[PDB]
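Here is the structure we will look at, set down as structure tokens.
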Amino acid sequence: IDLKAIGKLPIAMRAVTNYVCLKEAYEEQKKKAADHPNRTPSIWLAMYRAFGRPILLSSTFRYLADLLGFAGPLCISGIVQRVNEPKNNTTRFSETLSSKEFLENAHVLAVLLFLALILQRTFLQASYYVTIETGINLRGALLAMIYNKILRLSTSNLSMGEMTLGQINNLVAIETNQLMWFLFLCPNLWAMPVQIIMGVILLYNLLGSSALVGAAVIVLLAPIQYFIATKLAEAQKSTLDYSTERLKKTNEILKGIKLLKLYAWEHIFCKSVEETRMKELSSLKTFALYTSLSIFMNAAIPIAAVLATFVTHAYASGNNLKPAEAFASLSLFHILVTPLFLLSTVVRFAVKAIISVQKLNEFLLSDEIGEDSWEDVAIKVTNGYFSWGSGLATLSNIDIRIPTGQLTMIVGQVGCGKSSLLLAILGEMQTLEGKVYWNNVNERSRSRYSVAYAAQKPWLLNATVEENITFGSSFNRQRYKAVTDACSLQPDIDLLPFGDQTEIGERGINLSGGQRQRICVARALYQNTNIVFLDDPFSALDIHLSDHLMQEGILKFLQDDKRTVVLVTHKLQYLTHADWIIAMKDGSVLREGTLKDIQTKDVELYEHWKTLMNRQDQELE
Amino acid sequence: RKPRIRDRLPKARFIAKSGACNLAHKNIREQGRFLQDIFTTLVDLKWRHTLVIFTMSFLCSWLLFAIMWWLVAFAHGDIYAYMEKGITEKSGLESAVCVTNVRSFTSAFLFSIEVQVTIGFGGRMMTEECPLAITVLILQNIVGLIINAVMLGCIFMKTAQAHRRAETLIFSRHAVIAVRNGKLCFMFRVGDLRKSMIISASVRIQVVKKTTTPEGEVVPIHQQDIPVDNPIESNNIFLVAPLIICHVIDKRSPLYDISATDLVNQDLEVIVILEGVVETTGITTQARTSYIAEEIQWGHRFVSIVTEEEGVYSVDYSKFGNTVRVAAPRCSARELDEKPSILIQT
Amino acid sequence: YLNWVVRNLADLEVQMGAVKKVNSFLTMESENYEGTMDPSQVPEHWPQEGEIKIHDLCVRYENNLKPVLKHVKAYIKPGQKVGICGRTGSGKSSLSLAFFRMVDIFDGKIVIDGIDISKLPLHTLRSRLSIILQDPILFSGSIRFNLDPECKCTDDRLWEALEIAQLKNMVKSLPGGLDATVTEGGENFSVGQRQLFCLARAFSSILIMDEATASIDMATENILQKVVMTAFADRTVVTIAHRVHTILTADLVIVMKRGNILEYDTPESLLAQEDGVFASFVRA
Ligand SMILES: Nc1ncnc2c1ncn2[C@@H]1O[C@H](COP(=O)(O)OP(=O)(O)OP(=O)(O)O)[C@@H](O)[C@H]1O
Ligand SMILES: Nc1ncnc2c1ncn2[C@@H]1O[C@H](COP(=O)(O)OP(=O)(O)OP(=O)(O)O)[C@@H](O)[C@H]1O
Ligand SMILES: [K+]
């Protein structure tokens, strides 16, 4: 496995082509899109002109290759008919006139056949080699586009949360592969009649009058394969679903290895599974039938068919079967039969490509556009909505303003809004409606470009947190290395799996929800220019007697540094310095004062909350 | 080791375990490939190719000068004089057939063979008329002797280089580090397969590492030697049975810093280059091996490979790299060296 | 046809190489079951209040099946239901020694089980066992098809699941029904009891324990009450546990030796005066 071959060619071809070619396609298609959505708006029109791969550049070669190949057998016949001639009858001494003398000689024809054969093979191979070199580029483009269109627009998902991995299941490797295959296979559909159509005409031109019958059967033989394909596919799909059931059942069975290893259900656990196999086996038999039949259809109809022509040879009433009359007919029959399988495959490939383009169109027209519209304080905005997704209302007296380095936490889970507010404070949620008025400068992404965060679900990002420590870290980075050596190894000293601390994360198979939240908080720790943003994780990550240890690591991290640390937590176990809080109930920031000033207003919920008894844990239980 | 999986290219391997110098030179002043170079490639061919070039050269020379002779026996009006079948050969005597009884290119070719390889069948001799033929005969013999000599030299030199078969010097695929005689020791095993001895043997162990300097310079691939720890400070070694060539390190050598955890991330690489002249051939040979950080199975100790048979010692070669993991202190490279208050940090 | 020939040769090579990946595990069997034990009654009785003594310096096993490579004297209490001290150093070895076999571990003369132990029919003897997984998750059905042996047990509705109270929530007053389980869940949809009703499964009389790792302490105490209800049916059991939440009210205990029980001593202060529960006293 040499990587030397790769060189720098991909950058010049695939990296450059994918990004640049579709830029033109987007420019043209969008430019047309402005006129009207009745006819103009579409997706696949741009690619032909924008990529501009000369398919024709090959298509021309493809047509040429088909013509040369179909010509070949007539040259084979030519030599054969003139097997015997003395040809000294006129005592010819005439220099062979180019118009006639050259075509006839037996010797020439053989060399011509060799040249034509080599040329045809070479031209064909080269044309679709270039075509493949273009297909690969198209695939790289399609992938580049799926990521470019998945990154900068679809950040906030509210309905796509029903099936978002369907796209990454189909458009990952079922769509791009389909388009690459369809582009690489178009020339067969494009120039098969130019050869076939030639055969009947050629056969009619030279075989005699039975040629029409002679090729009649194969034109219907091919639809036999086109018909067997669909039934075989249906059987295969049913078999696959049954196989999925078998695999799931087998997974459950092996998932109980210690239970079934010796207990009274040791061999019992496979019982239905065996029938399952047998059940699935039955479907396989059905599928096998069509496949075998299809081969027979592809292995007999030609032979059968050619016999028919010689039967229709008795409809010619000529002198006899001139061996220079039927050998070329058999050659044409054995050459014509090739592109038919390609045509039958293209028949299904077109449907696959159409389905793929429809799925892509649905994705790029399903909230993929419009979900991301186009001490360093930013917020003076009256607009009310601080609601999730494309949700309805809940907008009253909205405004917010917070001097950073303040632990403002809207402690409340009922009518919570903790995720909508946490995402919308940095603007990433569709709550920026109204007027956005900020300072004149950060010292237009809502004057919050210096962000850092933690999620409200287990993150588990690429590789692992041990390998997530890639922030310019050969060994130690002063702000987090210390927390890296001693705050990072604090939550779980070591996982059960081997390798301990180093590269611990890379190939780290699993995690605990407590370890997941600890790792998330740790990735919050190893950030630079620490102005951290947290979203109520410590009502579920409530590790008793370890939440203080995590908060003390963050203490030496943020309360022993010059840094802003915030949180919207829902537990009062960590309510130290919990001065600022909200109980909005479907509103923006409207509750802000001193540590005890809220209790000054003597709100009954505040009065019950602000008591000594366990910080009024569970309303002072 | 997925990080190493994606790091398969990032690797400090200056010399491949085979021994070659995995490197890359570029931007050099390649003057060209002068003619004589090709001749050197003629010497260093293999038997199948040498035999092919030999036979092809002889046949090409024969055919070429046969074609020349054919032209010569054409121009002198010789082939026609023979073709006149008024008699068996009516007027073929006086016409001074330039080369006697040369009838057609096949016959001329038989004459070429007969005149180059010194056979000389006599039936077809050069005559006293055509000086051009005599010129071509002189040219034939001169070129024949030069080609004969050159091909003989080629075949001989492929014969006189039959002493060389292959270098066979064997290392322990792995290193070993341990504690011996009270202090930390670095080991390695060296063995030989050839019956013949290796005279004036010597070994050298070097550390290759990227260095830094207080003045500010950095030498990217820095090499520094290390002692080979023999009893009287001498890089000599007798090689009858395989042995263990231990370069124990105190302070001057760069092993003071070594910490057991660091070995995975260690950047130092050990290179071993030993050499000597073979007794029965006269050629100076040199064998080199590389000890990368991934192959240094720390803490082990080597096994014993010498047994008393009936009257003569027996020796194994299967157990070369097999080790018994004798317990040893950890990271004592500085702790034991910079002796603590106990002065026995182990 | 040449392109076909070359490509098909490559395809055949790849296919046979893929097959050889599992043809090495085609028919290998490495745990035989050929027993010549004579017929035994094998009822569900308690023989003599369960005297368990089979190990005196439990020796090094063989065949690389997690052997214990030291010596651990074993001597437990006869009608003992609670656990006895087993230190982490040998705790895993003891845990494997509760019911799992080995090669040369604890083999020898024993006064236990009233029947031959290692030579019993290995196809059926194993049905008489009982164990519990460390963190019990049984992905199987075990409810809809809980009666894989032919029983009309007639107590999975409300009778002994509620009496076991482990499945009372899921059985007596639940609409799941006699035919509904949890897909790969011992805690997915049935979180009230990852371990089913023991009496219902017997509706034997020997319990084997596991370490409280993922079960809430209150629920564990309720399970302990259920363990007492079952102890009315056993009054002799083997248990393995290291924490006080499981080793609080232990009825019969022992004074151990370096990793295995050395002598029988139920109370706790006597073990405290000696080296009995000194390691256990580390928390109280
Ligand atoms: N992913 C989502 N799907 C549906 N509704 C959502 C989602 N995120 C937020 N909402 C709506 O936003 C409002 C505010 O939600 P809130 O932030 O209180 O949830 P939460 O308290 O984070 O949830 P949890 O209590 O599990 O942590 C809720 O009424 C909810 O209906
Ligand atoms: N009897 C022997 N014959 C040939 N080569 C040997 C022999 N003993 C050792 N070697 C060589 O020594 C090198 C390292 O041997 P090592 O001490 O690792 O034993 P090993 O683990 O059996 O080696 P390997 O894994 O290469 O078989 C190998 O490259 C091997 O070629
Ligand atoms: K010589």
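Ligands are numbered from 1 in the order shown, residues from 1 within each chain, and chains are lettered A, B, ... in the order they appear in the structure tokens.
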- For chain B, report every residue with an atom at most 10 Å from chain A (counting only C-alpha atoms), formatted as a list in words.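 Result, ordered by chain then number: residues 1, 2, 3, 4, 9, 261 and 264 of chain B.
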How about saving the chosen residues, N, CA, C and O atoms kept, as a CSV table (one decimal), in the first residue's frame?
```csv
chain,number,residue,atom,x,y,z
B,1,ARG,N,-4.7,1.5,18.9
B,1,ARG,CA,-3.7,2.5,18.5
B,1,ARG,C,-4.2,3.3,17.3
B,1,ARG,O,-3.4,3.4,16.3
B,2,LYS,N,-5.4,3.7,17.3
B,2,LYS,CA,-5.9,4.5,16.2
B,2,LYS,C,-5.1,5.8,15.9
B,2,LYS,O,-4.9,6.1,14.7
B,3,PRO,N,-4.7,6.5,16.9
B,3,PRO,CA,-3.8,7.6,16.7
B,3,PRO,C,-2.5,7.2,15.9
B,3,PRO,O,-2.1,7.8,15.0
B,4,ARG,N,-1.9,6.0,16.3
B,4,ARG,CA,-0.8,5.5,15.5
B,4,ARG,C,-1.3,5.0,14.2
B,4,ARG,O,-0.5,5.1,13.2
B,9,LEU,N,2.4,7.1,8.9
B,9,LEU,CA,3.4,7.9,8.3
B,9,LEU,C,4.3,8.6,9.3
B,9,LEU,O,5.5,8.4,9.3
B,261,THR,N,7.3,5.8,31.5
B,261,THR,CA,6.1,6.3,30.8
B,261,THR,C,6.5,6.9,29.5
B,261,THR,O,5.9,6.6,28.4
B,264,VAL,N,6.8,5.4,25.1
B,264,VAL,CA,5.9,5.5,24.0
B,264,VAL,C,6.1,6.8,23.2
B,264,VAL,O,6.1,6.8,21.9
```
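Residues lying within 12 Å of residue A:147, counting only C-alpha atoms and ignoring same-chain neighbours fewer than 4 positions away, are residues 18, 19, 140, 141, 142, 143, 151, 152, 153, 154, 167, 168, 171, 172, 364 and 368 of chain A.
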- Message: According to DSSP computed on the backbone, where in stretch 138-267 of chain B is there strand (DSSP E or B)? Give the residues as a PyMOL selection string.
- Response: chain B and resi 169-171+176-180+183-187+189-192+198-209+222-226+243-244
Grab the residues selected above and save them as a tab-separated table (two decimals), in the first residue's frame with N, CA, C and O atoms.
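Result file is out35.tsv:
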```tsv
chain	number	residue	atom	x	y	z
B	169	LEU	N	24.07	-11.50	9.15
B	169	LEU	CA	24.35	-11.10	10.52
B	169	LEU	C	23.01	-10.84	11.17
B	169	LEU	O	22.15	-10.18	10.58
B	170	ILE	N	22.81	-11.35	12.38
B	170	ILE	CA	21.49	-11.42	12.96
B	170	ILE	C	21.45	-10.69	14.28
B	170	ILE	O	22.32	-10.87	15.13
B	171	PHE	N	20.43	-9.85	14.45
B	171	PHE	CA	20.19	-9.12	15.68
B	171	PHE	C	18.95	-9.65	16.37
B	171	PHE	O	18.09	-10.28	15.76
B	176	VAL	N	16.50	-4.80	24.78
B	176	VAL	CA	16.16	-5.14	26.15
B	176	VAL	C	16.83	-4.11	27.04
B	176	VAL	O	17.94	-3.66	26.76
B	177	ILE	N	16.15	-3.74	28.12
B	177	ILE	CA	16.75	-2.90	29.14
B	177	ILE	C	16.56	-3.55	30.49
B	177	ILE	O	15.49	-4.11	30.76
B	178	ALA	N	17.58	-3.49	31.34
B	178	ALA	CA	17.43	-4.17	32.62
B	178	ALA	C	18.38	-3.55	33.63
B	178	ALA	O	18.95	-2.48	33.40
B	179	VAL	N	18.53	-4.22	34.76
B	179	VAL	CA	19.52	-3.88	35.77
B	179	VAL	C	20.49	-5.03	35.88
B	179	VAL	O	20.07	-6.18	36.11
B	180	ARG	N	21.77	-4.76	35.70
B	180	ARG	CA	22.76	-5.80	35.92
B	180	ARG	C	23.91	-5.22	36.73
B	180	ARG	O	24.19	-4.02	36.65
B	183	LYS	N	23.64	-1.68	38.34
B	183	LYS	CA	23.26	-0.46	37.65
B	183	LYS	C	22.48	-0.78	36.39
B	183	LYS	O	22.47	-1.92	35.91
B	184	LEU	N	21.80	0.24	35.86
B	184	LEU	CA	20.98	0.05	34.67
B	184	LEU	C	21.85	-0.29	33.48
B	184	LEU	O	22.94	0.25	33.31
B	185	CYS	N	21.35	-1.18	32.63
B	185	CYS	CA	22.10	-1.65	31.49
B	185	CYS	C	21.18	-1.73	30.28
B	185	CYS	O	19.99	-2.04	30.40
B	186	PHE	N	21.76	-1.45	29.12
B	186	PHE	CA	21.09	-1.56	27.84
B	186	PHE	C	21.69	-2.76	27.15
B	186	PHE	O	22.90	-2.98	27.22
B	187	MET	N	20.86	-3.58	26.52
B	187	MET	CA	21.35	-4.80	25.94
B	187	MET	C	20.94	-4.87	24.48
B	187	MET	O	20.24	-4.01	23.96
B	189	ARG	N	21.24	-8.39	21.29
B	189	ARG	CA	21.85	-9.67	20.98
B	189	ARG	C	22.36	-9.67	19.55
B	189	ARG	O	21.70	-9.15	18.65
B	190	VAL	N	23.55	-10.23	19.35
B	190	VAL	CA	24.16	-10.29	18.03
B	190	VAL	C	24.64	-11.71	17.79
B	190	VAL	O	25.32	-12.29	18.65
B	191	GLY	N	24.30	-12.26	16.63
B	191	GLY	CA	24.69	-13.61	16.29
B	191	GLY	C	25.06	-13.71	14.82
B	191	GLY	O	24.74	-12.83	14.02
B	192	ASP	N	25.74	-14.80	14.50
B	192	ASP	CA	26.21	-15.02	13.14
B	192	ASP	C	25.86	-16.43	12.71
B	192	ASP	O	25.77	-17.35	13.52
B	198	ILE	N	34.78	-13.56	11.58
B	198	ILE	CA	34.80	-12.18	11.14
B	198	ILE	C	35.95	-11.49	11.87
B	198	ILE	O	35.85	-11.23	13.07
B	199	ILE	N	37.00	-11.19	11.15
B	199	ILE	CA	38.23	-10.73	11.78
B	199	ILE	C	38.15	-9.23	11.98
B	199	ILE	O	37.50	-8.51	11.22
B	200	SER	N	38.82	-8.75	13.03
B	200	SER	CA	38.92	-7.33	13.33
B	200	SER	C	37.54	-6.72	13.48
B	200	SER	O	37.29	-5.60	13.03
B	201	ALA	N	36.64	-7.46	14.10
B	201	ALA	CA	35.27	-7.01	14.22
B	201	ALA	C	35.20	-5.76	15.09
B	201	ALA	O	36.05	-5.51	15.95
B	202	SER	N	34.18	-4.96	14.84
B	202	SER	CA	33.94	-3.82	15.69
B	202	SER	C	32.46	-3.47	15.62
B	202	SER	O	31.79	-3.77	14.64
B	203	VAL	N	31.97	-2.85	16.69
B	203	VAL	CA	30.59	-2.41	16.78
B	203	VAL	C	30.61	-0.95	17.19
B	203	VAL	O	31.56	-0.47	17.81
B	204	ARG	N	29.55	-0.24	16.83
B	204	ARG	CA	29.33	1.13	17.27
B	204	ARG	C	27.84	1.30	17.50
B	204	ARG	O	27.02	0.84	16.70
B	205	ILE	N	27.50	1.96	18.61
B	205	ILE	CA	26.12	2.26	18.95
B	205	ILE	C	25.96	3.76	19.01
B	205	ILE	O	26.72	4.45	19.71
B	206	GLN	N	24.96	4.27	18.30
B	206	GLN	CA	24.74	5.70	18.23
B	206	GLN	C	23.29	6.03	18.54
B	206	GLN	O	22.38	5.26	18.21
B	207	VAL	N	23.08	7.17	19.16
B	207	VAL	CA	21.75	7.70	19.41
B	207	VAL	C	21.46	8.78	18.40
B	207	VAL	O	22.27	9.70	18.23
B	208	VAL	N	20.35	8.66	17.69
B	208	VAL	CA	19.89	9.67	16.76
B	208	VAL	C	18.69	10.35	17.40
B	208	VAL	O	17.71	9.69	17.78
B	209	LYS	N	18.76	11.68	17.50
B	209	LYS	CA	17.73	12.46	18.16
B	209	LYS	C	17.80	13.88	17.64
B	209	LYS	O	18.84	14.33	17.17
B	222	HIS	N	20.57	14.75	14.94
B	222	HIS	CA	21.81	14.74	15.70
B	222	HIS	C	22.21	13.32	16.03
B	222	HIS	O	21.37	12.52	16.47
B	223	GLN	N	23.48	13.01	15.84
B	223	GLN	CA	24.05	11.71	16.13
B	223	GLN	C	25.05	11.85	17.26
B	223	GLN	O	25.88	12.76	17.24
B	224	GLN	N	24.97	10.97	18.25
B	224	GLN	CA	26.02	10.96	19.26
B	224	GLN	C	26.36	9.52	19.62
B	224	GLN	O	25.48	8.68	19.78
B	225	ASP	N	27.66	9.25	19.73
B	225	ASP	CA	28.11	7.90	20.00
B	225	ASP	C	27.87	7.54	21.46
B	225	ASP	O	27.57	8.39	22.31
B	226	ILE	N	27.99	6.25	21.75
B	226	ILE	CA	27.98	5.79	23.14
B	226	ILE	C	29.01	4.69	23.30
B	226	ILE	O	29.34	3.97	22.34
B	243	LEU	N	26.16	-13.55	21.37
B	243	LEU	CA	26.41	-12.95	22.68
B	243	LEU	C	25.49	-11.75	22.89
B	243	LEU	O	24.62	-11.45	22.07
B	244	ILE	N	25.72	-11.03	24.00
B	244	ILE	CA	24.94	-9.85	24.38
B	244	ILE	C	25.78	-8.59	24.55
B	244	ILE	O	26.28	-8.39	25.64
```
- Task: Show me which residues sit within 6 Å of ligand 2 when counting only C-alpha atoms and all ligand atoms, and put them as a VMD selection string.
- Result: chain B and resid 170 to 174 317 to 322
- Message: I need the contact residues of chain C against chain A, so if you could list those with any atom within 6 Å, counting only C-alpha atoms, and return them as JSON, numbers by chain, that would help.
- Response: {"C": [126, 127, 139]}
- Task: Step by step, measure atom-to-atom distances between ligand 3 and each residue using only C-alpha atoms and all ligand atoms, keep those at most 12 Å, then write them as a VMD selection string.
- Result: chain B and resid 156 to 164 281 to 283
- Task: Please identify every polymer residue within 6 Å of ligand 1, using only C-alpha atoms and all ligand atoms, and present the set as a list in words.
- Result: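 Here is the list of contacting residues: residues 388, 413, 415, 416, 417, 418, 419 and 420 of chain A.
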Could you write out that same residue set with N, CA and C atoms as a CSV table (one decimal), in the first residue's frame?
```
chain,number,residue,atom,x,y,z
A,388,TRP,N,-38.2,28.0,21.0
A,388,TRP,CA,-37.5,27.0,20.2
A,388,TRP,C,-38.1,26.7,18.8
A,413,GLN,N,-37.7,24.3,36.0
A,413,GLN,CA,-37.9,23.2,35.1
A,413,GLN,C,-39.3,23.2,34.5
A,415,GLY,N,-42.4,25.0,32.6
A,415,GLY,CA,-42.3,26.1,31.7
A,415,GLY,C,-40.9,26.5,31.6
A,416,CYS,N,-39.9,25.6,31.5
A,416,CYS,CA,-38.5,25.9,31.7
A,416,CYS,C,-38.0,26.8,30.6
A,417,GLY,N,-37.9,26.3,29.4
A,417,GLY,CA,-37.2,27.0,28.3
A,417,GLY,C,-35.7,27.1,28.5
A,418,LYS,N,-35.1,26.2,29.3
A,418,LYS,CA,-33.7,26.2,29.5
A,418,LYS,C,-32.8,26.1,28.3
A,419,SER,N,-33.3,25.3,27.3
A,419,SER,CA,-32.6,25.0,26.1
A,419,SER,C,-32.8,26.2,25.1
A,420,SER,N,-34.0,26.7,25.0
A,420,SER,CA,-34.3,27.7,24.1
A,420,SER,C,-33.6,29.0,24.5
```
So that I can check the surroundings of residue C:192, please list as a PDB file with N, CA and C atoms, in the first residue's frame every protein, DNA and RNA residue that reaches within 10 Å of it, counting only C-alpha atoms and ignoring chain neighbours fewer than 6 positions away.
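Output file out_23.pdb is given in full below:
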```pdb
ATOM      1  N   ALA C 165     -42.907  -9.439  44.889  1.00  0.00           N
ATOM      2  CA  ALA C 165     -42.986  -7.980  44.863  1.00  0.00           C
ATOM      3  C   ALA C 165     -41.965  -7.364  43.920  1.00  0.00           C
ATOM      4  N   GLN C 166     -41.088  -8.162  43.316  1.00  0.00           N
ATOM      5  CA  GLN C 166     -40.173  -7.669  42.299  1.00  0.00           C
ATOM      6  C   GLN C 166     -40.875  -7.345  40.997  1.00  0.00           C
ATOM      7  N   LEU C 167     -41.889  -8.123  40.642  1.00  0.00           N
ATOM      8  CA  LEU C 167     -42.688  -7.876  39.454  1.00  0.00           C
ATOM      9  C   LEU C 167     -44.113  -7.443  39.764  1.00  0.00           C
ATOM     10  N   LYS C 168     -44.425  -7.073  41.012  1.00  0.00           N
ATOM     11  CA  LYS C 168     -45.805  -6.711  41.318  1.00  0.00           C
ATOM     12  C   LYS C 168     -46.249  -5.525  40.479  1.00  0.00           C
ATOM     13  N   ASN C 169     -45.360  -4.551  40.290  1.00  0.00           N
ATOM     14  CA  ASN C 169     -45.718  -3.381  39.502  1.00  0.00           C
ATOM     15  C   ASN C 169     -46.025  -3.775  38.066  1.00  0.00           C
ATOM     16  N   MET C 170     -45.181  -4.637  37.493  1.00  0.00           N
ATOM     17  CA  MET C 170     -45.290  -5.144  36.130  1.00  0.00           C
ATOM     18  C   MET C 170     -46.226  -6.337  35.950  1.00  0.00           C
ATOM     19  N   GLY C 186     -33.344  -5.193  30.422  1.00  0.00           N
ATOM     20  CA  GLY C 186     -33.519  -5.664  31.778  1.00  0.00           C
ATOM     21  C   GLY C 186     -33.880  -4.463  32.620  1.00  0.00           C
ATOM     22  N   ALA C 219     -34.059   0.323  46.579  1.00  0.00           N
ATOM     23  CA  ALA C 219     -34.530  -0.835  45.834  1.00  0.00           C
ATOM     24  C   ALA C 219     -33.766  -2.070  46.271  1.00  0.00           C
TER      25      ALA C 219
END
```
- Query: Taking the backbone alone, and naming residues the way the document does, which bits of stretch 71-117 of chain B are helix (DSSP H, G or I) by DSSP, as a VMD selection string?
  - Reply: chain B and resid 71 to 75 79 to 83 105 to 116
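Here atom CA of residue C:194 is placed at a distance of 6.1 Å from atom CA of residue C:137.
Relative to atom CA of residue A:338, atom CA of residue C:4 is found at 13.1 Å.
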- Note on the structure: Between atom CA of residue B:155 and atom CA of residue B:34 lies a distance of 23.5 Å
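Restricting the calculation to only C-alpha atoms, the smallest distance between residue A:202 and any of A:72, A:323, A:223, A:339 is found for A:72.
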- Item | Selection near stretch 74-91 of chain A, 12 Å with only C-alpha atoms, sequence-local residues under 6 positions removed, as JSON, numbers by chain | {"A": [67, 68, 103, 104, 105, 106, 107, 108, 109, 110, 111, 112, 113, 114, 115, 116, 117, 199, 202, 203, 205, 206, 207, 322, 323, 324, 325, 326, 327, 328, 329, 330, 331, 332, 335]}
- Message: Residues near residue A:405, anyone? I mean within 10 Å using only C-alpha atoms, not counting same-chain ones fewer than 5 positions away, as a ChimeraX atom specification.
- Response: /A:375,531-532,558-559,562-566
Given the selection you just returned, output its residues as a file containing C-alpha atoms, formatted as a CSV table (one decimal), in the first residue's frame.
```
chain,number,residue,atom,x,y,z
A,375,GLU,CA,-17.5,43.7,28.6
A,531,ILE,CA,-15.9,32.8,28.7
A,532,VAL,CA,-17.9,29.6,29.3
A,558,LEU,CA,-12.4,30.2,36.6
A,559,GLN,CA,-12.8,31.6,40.2
A,562,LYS,CA,-9.5,36.2,35.1
A,563,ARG,CA,-12.4,34.5,33.3
A,564,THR,CA,-16.2,34.5,32.9
A,565,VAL,CA,-18.1,31.4,34.0
A,566,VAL,CA,-21.9,31.1,33.9
```
